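Below you'll find only one chain, the form solved without this ligand, shown as structure tokens.
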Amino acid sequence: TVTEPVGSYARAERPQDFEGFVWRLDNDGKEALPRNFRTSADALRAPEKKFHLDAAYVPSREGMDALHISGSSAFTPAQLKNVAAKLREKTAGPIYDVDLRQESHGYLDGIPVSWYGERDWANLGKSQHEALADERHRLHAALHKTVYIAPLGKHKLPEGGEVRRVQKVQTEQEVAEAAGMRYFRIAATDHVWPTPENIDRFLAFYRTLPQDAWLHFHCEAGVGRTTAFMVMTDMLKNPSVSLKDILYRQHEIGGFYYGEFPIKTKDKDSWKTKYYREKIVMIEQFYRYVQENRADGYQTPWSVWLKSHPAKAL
């Protein structure tokens, strides 16, 4: 009897130790676009040094022009509009805003905020149904009430900010639709590998897409969740390209590197170590899943294949 298999490490943490306590400012709106905006039509750049990769290696670009995917971090309503217009110049198919955030978020007087708990784990352990209902209630309850909105400083605690009585409340779904994009939510936890549930939901969604759909993924700040799904899509659609090529190319357009590398962390972030290792193992397992189920149309869901082919720690 193993209590939590590789791939499900985060199930051992206690949700009650990370409840939300403040409305975090997700973007201050000074720039025209969200941070980390990147496309599969982009030129590859030099790898980041911390990953210790071969800068002379030239990754295969086979399948990229036809991939049609992009990524970024959180945005204001006007920033989303700029992303949607930019993506329209590249395609005539439907454009999707794929919201990968498990944490409750929305817009207060047009300001993008999220209910933030330590490690950004305020909805840890909740089903997607429970996570979205917490979100709808918190947002509605803010209307006509005084609130404190603030950016996180060091030690990940509030620093400065503003206080206003709220006169308008909006959902991410409402904001995407107003920008001309279709909406699809996948409640993935910040900092850890997506659950078998998050992935089964993404696979079913993928199988039903029109051949010219363009997928725009987004997380809160950084590139963690967004690169995981961008890598999975590249593999699913281009099963003939090697693991090394897929990993190098998703990193060189501006994403994270999901292959092996020398993991190092500050003392305050040592809790992240085991999660970085689990990710490396799990993306290799997914590539094994794609290669082995490619023949059919992936008749076997990921969760089922996984329970009969468990991964082992690094």
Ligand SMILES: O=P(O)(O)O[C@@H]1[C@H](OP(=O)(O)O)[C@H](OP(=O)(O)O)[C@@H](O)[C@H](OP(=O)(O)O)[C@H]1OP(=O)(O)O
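Start at 1 with the first residue shown and count on from there.
One more form of this protein should be noted, the form solved in complex with this ligand, which is absent from this view; the next part is about it.
Interface residue remark: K279 is counted as part of the site for this ligand in the bound PDB entry, having a heavy atom within 4.5 Å. Mapping the unseen interface onto this chain, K49 falls outside it, with no heavy atom inside 4.5 Å of this ligand in the bound PDB entry. Heavy atoms of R88 never reach within 4.5 Å of this ligand in the bound PDB entry, leaving it off the interface. Interface residue remark: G224 is counted as part of the site for this ligand in the bound PDB entry, having a heavy atom within 4.5 Å. The stretch among 201-209, 168-176, 214-222, 80-88 whose residues place heavy atoms within 4.5 Å of this ligand in the bound PDB entry is 214-222. A single residue from the set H144, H137, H129, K156 has any heavy atom within 4.5 angstroms of this ligand in the bound PDB entry; that residue is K156. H191 is the sole member of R164, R185, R182, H191 with a non-hydrogen atom lying within 4.5 angstroms of this ligand in the bound PDB entry. Taking the partner from elsewhere, no residue among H68, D234 and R294 has a non-hydrogen atom within 4.5 angstroms of this ligand in the bound PDB entry. Residues of 17-34 placing a heavy atom within 4.5 Å of this ligand in the bound PDB entry: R24 alone.
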